[PDB]
Every structure is written in structure tokens, then in C-alpha cells.
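Below is one structure, written out as C-alpha cells; the observations come after it.
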Amino acid sequence: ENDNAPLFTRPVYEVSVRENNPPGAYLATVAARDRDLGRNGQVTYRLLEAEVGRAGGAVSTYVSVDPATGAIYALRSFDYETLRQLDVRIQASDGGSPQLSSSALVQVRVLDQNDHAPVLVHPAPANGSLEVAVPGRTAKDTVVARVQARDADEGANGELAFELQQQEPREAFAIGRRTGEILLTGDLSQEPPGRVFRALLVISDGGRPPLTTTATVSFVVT
Ligand SMILES: *[C@@H]1O[C@H](CO[C@@H]2O[C@@H](C)[C@@H](O)[C@@H](O)[C@@H]2O)[C@@H](O[C@@H]2O[C@H](CO)[C@@H](O[C@@H]3O[C@H](CO[C@H]4O[C@H](CO)[C@@H](O)[C@H](O)[C@@H]4O)[C@@H](O)[C@H](O)[C@@H]3O)[C@H](O)[C@H]2NC(C)=O)[C@H](O)[C@H]1NC(C)=O
Ligand SMILES: *[C@H]1O[C@H](CO)[C@@H](O)[C@H](O)[C@@H]1O
Ligand SMILES: [Ca+2]
Ligand SMILES: [Ca+2]
Ligand SMILES: [Ca+2]
Ligand SMILES: [Ca+2]
Ligand SMILES: [Cl-]
């Protein structure tokens with residue numbers, strides 16, 4: 001007779017997938033055992049339907065389970081900023097009369113990918129350039145500007161670092177690495193109102209490799 005239900009080898013499986021996977025990417029596999037000979041022992045897997053968290057959609061929109069192999073594939077590329085974990089409930093069910101069934105839970109965890117370069121929020125870039133007015137009579141180490149940038153990623157992938165490079169004519173300004181404050185280090189006395197100091201603003205994140213964005217800073221001396 002059909003005197004054995006399908007036992008999942010594990011009541012809860014745990015799987016990790018990195019963000020921005022290819023559609024159809026194999027996520028994992030589940031296994032239920034039916035110690036019965038013949039059709040009493042042929043087991044079929046089904047995906048149990050369920051919402052995704054709070055009004056995220058349907059679970060069948062995100063994964064699919066193979067009915068014979070227990071293979072669990074992804075139907076779309078996962079976005080970590082949009083979804084970190086999803087719960088997939090699978091049901092193993094034999095072919096006896098009446099059917100015997102059991103359930104298990106796959107906890108799919110989404111890992112972060114460095115898929116965001118830092119963005120310069122303020123001062124806003126224009127044609128890849130930046131304007132900064134610096135009154136001639138200013139004291140040393142006074143905040144001329146404040147650079148604010150954002151990065152959506154996690155950990156070091158969102159850890160930003162600011163830098164000034166390729167100053168001309170001379171190295172008169174500096175920027176705090178984590179601060180984003182642009183201060184006046186050099187002397188600014190023997191200068192005409194029109195004079196300009198050009199630099200390259202460099203904003204990096206802590207990726208490996210890092211993602212970098214840049215701007216063209218112009219300090220005009222008023
Ligand atoms: C961003 O800014 C650049 C300005 O250039 C930069 O500015 C500074 C910050 C430094 O980075 C410099 O090193 C850079 O040069 C703007 O560039 C201009 O773009 C316009 C179009 O958008 C260009 O005009 C076109 O180019 C052709 C000009 O032909 C001329 O020469 C022939 C002789 O061979 C002559 O017959 C003709 O009449 C022209 O005199 C032309 O084919 C075309 O029809 C049109 O005129 C212009 O030349 C660029 N200037 C420079 C200096 O490169 C960018 O437009 C700006 N972008 C944005 C989004 O703001
Ligand atoms: C598998 O099937 C049994 C009945 O055969 C159900 O009780 C169970 O909930 C699952 O659907
Ligand atoms: Ca069975
Ligand atoms: Ca993303
Ligand atoms: Ca990311
Ligand atoms: Ca990043
Ligand atoms: Cl697919």
C-alpha cells in the first residue's frame with residue numbers, strides 16, 4: 001500500500017543568490033523521499049502560492065519548481081535594494097490513492113552586488129563640471145564647499161571617499177576624504193577676480209573593483 005509519505009530531507013533549506021541573476025538561473029534543489037515501490041513512491045513537487053511580503057506580488061512570479069527533479073529556478077533577476085529574502089514553500093506529493101504529501105521551506109537570501117556608482121547630489125554637476133565662488137579675502141582652512149554624494153549599495157560598496165586631483169595652476173584647495181568638505185589650504189591674496197583654479201573631483205566607493213565618478217571643479221576667485 002501507500003504507507004509512506006514523502007519525507008523532505010530537511011524541513012528548511014537555505015540558499016544564497018547574488019543580485020542581478022540571469023532569468024532562469026538555477027537557485028537550488030529539494031528532495032522528498034517516498035519509500036514505496038511503483039506509483040505509490042513516485043513523488044511530484046509543486047510550488048505553493050503565496051504573496052511576497054507586503055504587496056510585492058506573487059511567489060510564482062519569482063521562482064519555479066520542476067515537478068519531478070525538485071529543481072528551483074528563478075524567473076527574474078533579483079534586486080537586493082528591492083528584496084533581500086524570499087520564502088518559497090514547496091509541497092512533495094506522491095501518486096497513491098489517497099495522495100500523501102509533505103511541505104518544506106526554502107529560504108532564498110539575496111546577496112548584494114556593487115551595481116551602483118556614487119552619485120553627486122550636491123553641488124549638482126552640469127556638463128560634467130562644477131562652479132565654486134571663492135572670495136579673495138578668505139582665511140586658511142575655511143570650508144569653501146560641501147560635497148554630498150550617495151551610494152545605494154551595502155557595506156564598503158556604499159562607503160564613499162572624496163578626493164581632489166590634477167589641480168592647476170597650484171594646489172590651493174583640499175577636500176576631506178570622508179567629509180566632502182572643500183577647504184582653502186593655500187594663500188589667496190595676490191589674485192585677480194577672474195582667476196580660476198581647476199581640479200578634478202573624484203568620488204569612489206569601497207568596491208573591488210571600486211566604482212568611481214568624477215566632476216570638473218572650477219574655483220573662481222571673487
Ligand atoms: C559642454 O561644454 C563643451 C565645451 O568644451 C569644453 O569646455 C571646457 C570645460 C573643457 O572641457 C574644454 O576642454 C572643452 O572643450 C561644449 O562643446 C561645444 O559643443 C558644440 C555642440 O554642442 C560644438 O559646436 C559644434 O561643433 C562644430 C564646430 O565647428 C567649428 O569649426 C569649423 C571649422 O572646421 C567652422 O567652420 C564651424 O563654423 C565651427 O566654427 C560643428 O561641426 C557643429 O555644427 C557645431 O558647431 C562646439 O564646437 C563645442 N565647443 C568646444 C569648445 O568643444 C558642449 O556642447 C557642452 N555640452 C553640454 C551638454 O552643455
Ligand atoms: C497533500 O495532500 C494531502 C491529502 O492527500 C493534504 O492533506 C495536504 O494538505 C497536501 O495538500
Ligand atoms: Ca508514498
Ligand atoms: Ca539593484
Ligand atoms: Ca547593490
Ligand atoms: Ca557602490
Ligand atoms: Cl525563465
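Letters A, B, ... mark the chains of the C-alpha cells in the order given; residue numbers begin at 1 per chain; ligand numbers begin at 1, in order shown.
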
Worksheet item: Which residues come within 8 Å of region 30-35 of chain A, counting only C-alpha atoms, excluding same-chain residues fewer than 6 positions away, as JSON, numbers by chain?
Response: {"A": [4, 5, 6, 7, 8, 9, 13, 41, 42, 43, 69, 70, 71, 72, 92, 94]}

If you keep N, CA, C and O atoms, can you produce a file of those selected residues as a PDB file, in the first residue's frame?
ATOM      1  N   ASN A   4       3.755   5.225   3.231  1.00  0.00           N
ATOM      2  CA  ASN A   4       4.877   6.120   3.499  1.00  0.00           C
ATOM      3  C   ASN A   4       4.638   7.416   2.745  1.00  0.00           C
ATOM      4  O   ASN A   4       4.466   7.394   1.523  1.00  0.00           O
ATOM      5  N   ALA A   5       4.630   8.532   3.461  1.00  0.00           N
ATOM      6  CA  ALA A   5       4.510   9.832   2.825  1.00  0.00           C
ATOM      7  C   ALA A   5       5.883  10.309   2.378  1.00  0.00           C
ATOM      8  O   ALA A   5       6.907   9.741   2.758  1.00  0.00           O
ATOM      9  N   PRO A   6       5.942  11.355   1.553  1.00  0.00           N
ATOM     10  CA  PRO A   6       7.246  11.917   1.162  1.00  0.00           C
ATOM     11  C   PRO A   6       7.872  12.710   2.300  1.00  0.00           C
ATOM     12  O   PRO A   6       7.311  13.707   2.762  1.00  0.00           O
ATOM     13  N   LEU A   7       9.045  12.265   2.744  1.00  0.00           N
ATOM     14  CA  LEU A   7       9.825  12.983   3.742  1.00  0.00           C
ATOM     15  C   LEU A   7      10.840  13.882   3.045  1.00  0.00           C
ATOM     16  O   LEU A   7      11.733  13.389   2.346  1.00  0.00           O
ATOM     17  N   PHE A   8      10.709  15.191   3.236  1.00  0.00           N
ATOM     18  CA  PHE A   8      11.754  16.105   2.802  1.00  0.00           C
ATOM     19  C   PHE A   8      13.011  15.866   3.627  1.00  0.00           C
ATOM     20  O   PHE A   8      12.939  15.733   4.853  1.00  0.00           O
ATOM     21  N   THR A   9      14.169  15.813   2.958  1.00  0.00           N
ATOM     22  CA  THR A   9      15.414  15.555   3.673  1.00  0.00           C
ATOM     23  C   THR A   9      15.681  16.602   4.744  1.00  0.00           C
ATOM     24  O   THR A   9      16.437  16.334   5.685  1.00  0.00           O
ATOM     25  N   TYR A  13      15.374  24.557   3.956  1.00  0.00           N
ATOM     26  CA  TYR A  13      16.601  24.743   3.195  1.00  0.00           C
ATOM     27  C   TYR A  13      16.955  26.222   3.127  1.00  0.00           C
ATOM     28  O   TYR A  13      16.088  27.096   3.214  1.00  0.00           O
ATOM     29  N   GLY A  41       5.268   5.414  -4.856  1.00  0.00           N
ATOM     30  CA  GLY A  41       6.519   6.052  -4.499  1.00  0.00           C
ATOM     31  C   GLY A  41       7.022   7.103  -5.473  1.00  0.00           C
ATOM     32  O   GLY A  41       8.119   7.641  -5.286  1.00  0.00           O
ATOM     33  N   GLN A  42       6.260   7.402  -6.522  1.00  0.00           N
ATOM     34  CA  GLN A  42       6.637   8.479  -7.429  1.00  0.00           C
ATOM     35  C   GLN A  42       6.121   9.797  -6.862  1.00  0.00           C
ATOM     36  O   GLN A  42       4.910   9.974  -6.687  1.00  0.00           O
ATOM     37  N   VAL A  43       7.041  10.711  -6.554  1.00  0.00           N
ATOM     38  CA  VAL A  43       6.713  11.965  -5.886  1.00  0.00           C
ATOM     39  C   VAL A  43       6.818  13.110  -6.882  1.00  0.00           C
ATOM     40  O   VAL A  43       7.695  13.117  -7.754  1.00  0.00           O
ATOM     41  N   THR A  69      12.115  16.910 -10.667  1.00  0.00           N
ATOM     42  CA  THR A  69      13.502  16.987 -10.227  1.00  0.00           C
ATOM     43  C   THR A  69      13.685  17.839  -8.979  1.00  0.00           C
ATOM     44  O   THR A  69      14.793  17.876  -8.429  1.00  0.00           O
ATOM     45  N   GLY A  70      12.635  18.510  -8.514  1.00  0.00           N
ATOM     46  CA  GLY A  70      12.755  19.401  -7.385  1.00  0.00           C
ATOM     47  C   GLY A  70      13.611  20.619  -7.637  1.00  0.00           C
ATOM     48  O   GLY A  70      13.852  21.388  -6.700  1.00  0.00           O
ATOM     49  N   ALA A  71      14.079  20.818  -8.866  1.00  0.00           N
ATOM     50  CA  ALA A  71      14.908  21.972  -9.183  1.00  0.00           C
ATOM     51  C   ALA A  71      14.098  23.257  -9.067  1.00  0.00           C
ATOM     52  O   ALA A  71      12.960  23.341  -9.536  1.00  0.00           O
ATOM     53  N   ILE A  72      14.695  24.257  -8.427  1.00  0.00           N
ATOM     54  CA  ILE A  72      14.065  25.548  -8.181  1.00  0.00           C
ATOM     55  C   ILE A  72      14.893  26.586  -8.917  1.00  0.00           C
ATOM     56  O   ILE A  72      16.045  26.856  -8.536  1.00  0.00           O
ATOM     57  N   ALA A  92       5.777  18.265  -1.634  1.00  0.00           N
ATOM     58  CA  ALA A  92       6.050  16.980  -2.263  1.00  0.00           C
ATOM     59  C   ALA A  92       4.862  16.057  -2.032  1.00  0.00           C
ATOM     60  O   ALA A  92       4.376  15.938  -0.902  1.00  0.00           O
ATOM     61  N   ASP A  94       2.913  12.259  -3.428  1.00  0.00           N
ATOM     62  CA  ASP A  94       3.066  11.013  -4.171  1.00  0.00           C
ATOM     63  C   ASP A  94       1.861  10.785  -5.085  1.00  0.00           C
ATOM     64  O   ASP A  94       0.993  11.646  -5.243  1.00  0.00           O
TER      65      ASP A  94
END

Listing only residues of chain A within 10 Å of ligand 7, what is the closest atom pair and its distance in Å (to one decimal) for each, using only C-alpha atoms and all ligand atoms, sorted by chain and residue number ascending, as CSV?
residue,atom,partner,partner_atom_place_in_ligand_line,distance
A:22,CA,ligand 7,1 (Cl),8.7
A:23,CA,ligand 7,1 (Cl),5.3
A:24,CA,ligand 7,1 (Cl),3.9
A:25,CA,ligand 7,1 (Cl),7.7
A:26,CA,ligand 7,1 (Cl),9.7
A:62,CA,ligand 7,1 (Cl),9.7
A:63,CA,ligand 7,1 (Cl),8.9
A:64,CA,ligand 7,1 (Cl),8.5
A:73,CA,ligand 7,1 (Cl),7.8
A:74,CA,ligand 7,1 (Cl),6.9
A:75,CA,ligand 7,1 (Cl),4.7
A:76,CA,ligand 7,1 (Cl),7.3

Discussion item. When you count only C-alpha atoms and all ligand atoms, which of these residues is closest to ligand 4: A:47, A:108, A:152, A:88?
Written reply: A:152

Write out, as CSV, each residue of chain A that has an atom at most 12 Å from ligand 5, together with the closest pair of atoms and their distance in Å to one decimal, counting only C-alpha atoms and all ligand atoms, rows going by chain and rising number.
residue,atom,partner,partner_atom_place_in_ligand_line,distance
A:18,CA,ligand 5,1 (Ca),9.4
A:19,CA,ligand 5,1 (Ca),6.9
A:20,CA,ligand 5,1 (Ca),8.6
A:21,CA,ligand 5,1 (Ca),11.9
A:78,CA,ligand 5,1 (Ca),10.2
A:79,CA,ligand 5,1 (Ca),7.3
A:80,CA,ligand 5,1 (Ca),5.8
A:81,CA,ligand 5,1 (Ca),6.1
A:82,CA,ligand 5,1 (Ca),9.5
A:83,CA,ligand 5,1 (Ca),10.7
A:84,CA,ligand 5,1 (Ca),10.5
A:110,CA,ligand 5,1 (Ca),10.1
A:111,CA,ligand 5,1 (Ca),8.3
A:112,CA,ligand 5,1 (Ca),4.8
A:113,CA,ligand 5,1 (Ca),4.4
A:114,CA,ligand 5,1 (Ca),4.9
A:115,CA,ligand 5,1 (Ca),4.8
A:116,CA,ligand 5,1 (Ca),6.2
A:117,CA,ligand 5,1 (Ca),9.6
A:118,CA,ligand 5,1 (Ca),11.6
A:151,CA,ligand 5,1 (Ca),9.1
A:152,CA,ligand 5,1 (Ca),6.6
A:153,CA,ligand 5,1 (Ca),4.4
A:154,CA,ligand 5,1 (Ca),6.6
A:155,CA,ligand 5,1 (Ca),9.9
A:156,CA,ligand 5,1 (Ca),11.0
A:157,CA,ligand 5,1 (Ca),7.8
A:158,CA,ligand 5,1 (Ca),8.9
A:207,CA,ligand 5,1 (Ca),10.8
A:211,CA,ligand 5,1 (Ca),11.8

Can I get the selected residues back with N, CA, C and O atoms, as a CSV table (one decimal), in the first residue's frame?
chain,number,residue,atom,x,y,z
A,18,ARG,N,23.2,35.9,-5.7
A,18,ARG,CA,23.7,37.2,-5.8
A,18,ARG,C,22.7,38.0,-6.7
A,18,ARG,O,22.1,37.5,-7.6
A,19,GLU,N,22.6,39.3,-6.4
A,19,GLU,CA,21.7,40.2,-7.1
A,19,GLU,C,22.0,40.2,-8.6
A,19,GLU,O,23.1,39.9,-9.1
A,20,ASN,N,21.0,40.6,-9.4
A,20,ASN,CA,21.1,40.7,-10.8
A,20,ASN,C,21.5,39.4,-11.5
A,20,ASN,O,22.3,39.3,-12.4
A,21,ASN,N,20.8,38.3,-11.1
A,21,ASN,CA,21.0,37.0,-11.7
A,21,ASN,C,20.3,36.9,-13.1
A,21,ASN,O,19.5,37.8,-13.4
A,78,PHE,N,17.1,39.2,-9.5
A,78,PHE,CA,16.7,39.7,-8.2
A,78,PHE,C,17.5,41.0,-7.9
A,78,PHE,O,18.7,41.1,-8.3
A,79,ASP,N,16.8,42.0,-7.3
A,79,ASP,CA,17.4,43.3,-7.0
A,79,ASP,C,17.5,43.4,-5.5
A,79,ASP,O,16.4,43.4,-4.8
A,80,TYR,N,18.7,43.4,-4.9
A,80,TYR,CA,18.9,43.4,-3.5
A,80,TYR,C,18.3,44.7,-2.9
A,80,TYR,O,17.7,44.6,-1.8
A,81,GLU,N,18.4,45.8,-3.5
A,81,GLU,CA,17.8,47.0,-3.0
A,81,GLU,C,16.2,46.9,-2.9
A,81,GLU,O,15.6,47.7,-2.2
A,82,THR,N,15.7,46.0,-3.7
A,82,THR,CA,14.2,45.8,-3.7
A,82,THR,C,13.7,44.6,-2.9
A,82,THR,O,12.6,44.6,-2.5
A,83,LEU,N,14.6,43.6,-2.6
A,83,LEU,CA,14.2,42.4,-2.0
A,83,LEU,C,15.4,41.6,-1.5
A,83,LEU,O,16.3,41.2,-2.3
A,84,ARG,N,15.5,41.4,-0.2
A,84,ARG,CA,16.7,40.7,0.4
A,84,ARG,C,16.5,39.2,0.6
A,84,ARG,O,17.4,38.4,0.3
A,110,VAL,N,19.2,36.9,-0.9
A,110,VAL,CA,19.8,37.7,-2.0
A,110,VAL,C,21.0,38.4,-1.5
A,110,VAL,O,20.9,39.2,-0.5
A,111,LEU,N,22.1,38.2,-2.1
A,111,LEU,CA,23.4,38.9,-1.7
A,111,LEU,C,23.5,40.2,-2.6
A,111,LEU,O,23.0,40.2,-3.7
A,112,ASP,N,24.3,41.1,-2.0
A,112,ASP,CA,24.4,42.4,-2.7
A,112,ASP,C,25.5,42.3,-3.8
A,112,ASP,O,26.5,41.5,-3.7
A,113,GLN,N,25.3,43.1,-4.8
A,113,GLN,CA,26.3,43.3,-5.9
A,113,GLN,C,26.6,44.8,-6.0
A,113,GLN,O,25.7,45.6,-5.8
A,114,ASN,N,27.8,45.2,-6.3
A,114,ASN,CA,28.2,46.6,-6.4
A,114,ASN,C,27.7,47.0,-7.8
A,114,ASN,O,28.4,47.1,-8.8
A,115,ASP,N,26.4,47.4,-7.9
A,115,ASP,CA,25.7,47.8,-9.1
A,115,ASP,C,25.2,49.2,-9.0
A,115,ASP,O,24.2,49.6,-9.6
A,116,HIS,N,25.9,50.0,-8.2
A,116,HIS,CA,25.6,51.5,-8.1
A,116,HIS,C,27.0,52.2,-8.0
A,116,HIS,O,27.7,52.0,-7.0
A,117,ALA,N,27.2,53.1,-8.9
A,117,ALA,CA,28.3,54.0,-8.7
A,117,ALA,C,27.8,55.2,-7.9
A,117,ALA,O,26.7,55.6,-7.9
A,118,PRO,N,28.7,55.8,-7.1
A,118,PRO,CA,28.3,57.0,-6.3
A,118,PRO,C,27.7,58.1,-7.2
A,118,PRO,O,28.2,58.3,-8.4
A,151,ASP,N,25.3,56.5,-2.3
A,151,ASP,CA,25.6,55.2,-2.9
A,151,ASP,C,24.6,54.2,-2.3
A,151,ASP,O,24.6,54.1,-1.0
A,152,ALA,N,23.8,53.5,-3.1
A,152,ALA,CA,22.7,52.7,-2.6
A,152,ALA,C,23.2,51.3,-2.1
A,152,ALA,O,22.4,50.6,-1.4
A,153,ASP,N,24.4,50.9,-2.4
A,153,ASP,CA,24.9,49.6,-2.1
A,153,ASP,C,25.1,49.4,-0.6
A,153,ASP,O,24.9,50.3,0.2
A,154,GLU,N,25.6,48.2,-0.3
A,154,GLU,CA,25.8,47.8,1.1
A,154,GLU,C,27.3,47.8,1.5
A,154,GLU,O,28.2,47.7,0.7
A,155,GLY,N,27.5,47.8,2.8
A,155,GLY,CA,28.9,47.7,3.3
A,155,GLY,C,29.8,48.7,2.6
A,155,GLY,O,29.5,49.8,2.3
A,156,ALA,N,31.0,48.2,2.3
A,156,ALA,CA,32.0,49.0,1.7
A,156,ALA,C,31.5,49.5,0.3
A,156,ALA,O,32.0,50.5,-0.2
A,157,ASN,N,30.6,48.7,-0.4
A,157,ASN,CA,30.1,49.2,-1.6
A,157,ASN,C,29.3,50.5,-1.5
A,157,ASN,O,29.0,51.1,-2.6
A,158,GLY,N,29.0,50.9,-0.3
A,158,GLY,CA,28.4,52.2,-0.1
A,158,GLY,C,29.3,53.2,0.7
A,158,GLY,O,28.9,54.3,0.9
A,207,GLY,N,34.3,49.3,-3.3
A,207,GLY,CA,34.2,48.0,-4.0
A,207,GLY,C,35.6,47.5,-4.4
A,207,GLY,O,36.6,48.1,-4.4
A,211,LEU,N,33.8,51.5,-7.9
A,211,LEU,CA,33.1,52.3,-8.9
A,211,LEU,C,33.4,53.7,-8.6
A,211,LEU,O,33.2,54.2,-7.5

Item to complete: Write out as a PyMOL selection string which residues come within 10 Å of region 182-184 of chain A when counting only C-alpha atoms, dropping same-chain ones fewer than 2 positions away.
Response: chain A and resi 134+138-147+162-164+171-177+179-180+186-188

To check your reading of the model: which residues sit at most 7 Å from ligand 2 when counting only C-alpha atoms and all ligand atoms? Write the answer as an mmCIF file with C-alpha atoms, in the first residue's frame.
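Just written: part.cif:
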data_model
loop_
_atom_site.group_PDB
_atom_site.id
_atom_site.type_symbol
_atom_site.label_atom_id
_atom_site.label_comp_id
_atom_site.auth_asym_id
_atom_site.auth_seq_id
_atom_site.Cartn_x
_atom_site.Cartn_y
_atom_site.Cartn_z
ATOM 1 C CA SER A 93 3.154 14.651 -3.049
ATOM 2 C CA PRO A 98 -5.323 8.844 -1.424
ATOM 3 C CA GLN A 99 -2.306 11.075 -2.034
ATOM 4 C CA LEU A 100 0.126 11.661 0.823
ATOM 5 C CA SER A 101 2.017 14.947 0.950
ATOM 6 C CA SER A 102 4.513 16.972 2.960
#

Discussion item. Could you pull out the helix (DSSP H, G or I) residues of region 39-172 of chain A, going by DSSP on the backbone, and write them as a list in words?
Written reply: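 Residues of region 39-172 of chain A classed as helix (DSSP H, G or I): residues 39, 40, 41, 59, 60, 61, 155, 156, 157 and 158 of chain A.
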
Discussion item. From the options A:95, A:125, A:11, A:192, which residue's atoms come nearest to ligand 1, counting only C-alpha atoms and all ligand atoms?
Written reply: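 Residue with the minimum atom-to-atom distance to ligand 1: A:125.
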
Fill in: Sel. of strand (DSSP E) residues, region 10-177 of chain A, as a ChimeraX atom specification
/A:12-18,26-29,32-33,44-47,63-65,71-74,85-93,101-111,119-122,129-134,143-146,148-150,160-168,173-175

Worksheet item: Which residue out of A:53, A:169, A:209, A:96 has the minimum interatomic distance to ligand 3 when only C-alpha atoms and all ligand atoms are used?
Response: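 Using only C-alpha atoms and all ligand atoms, ligand 3 sits closest to A:96.
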
Practice prompt. Using atom 53 (O, counted along the ligand's line) of ligand 1 and CA of residue 126 (chain A) as the two end points, give the distance in Å to one decimal.
Written response: 15.0 Å
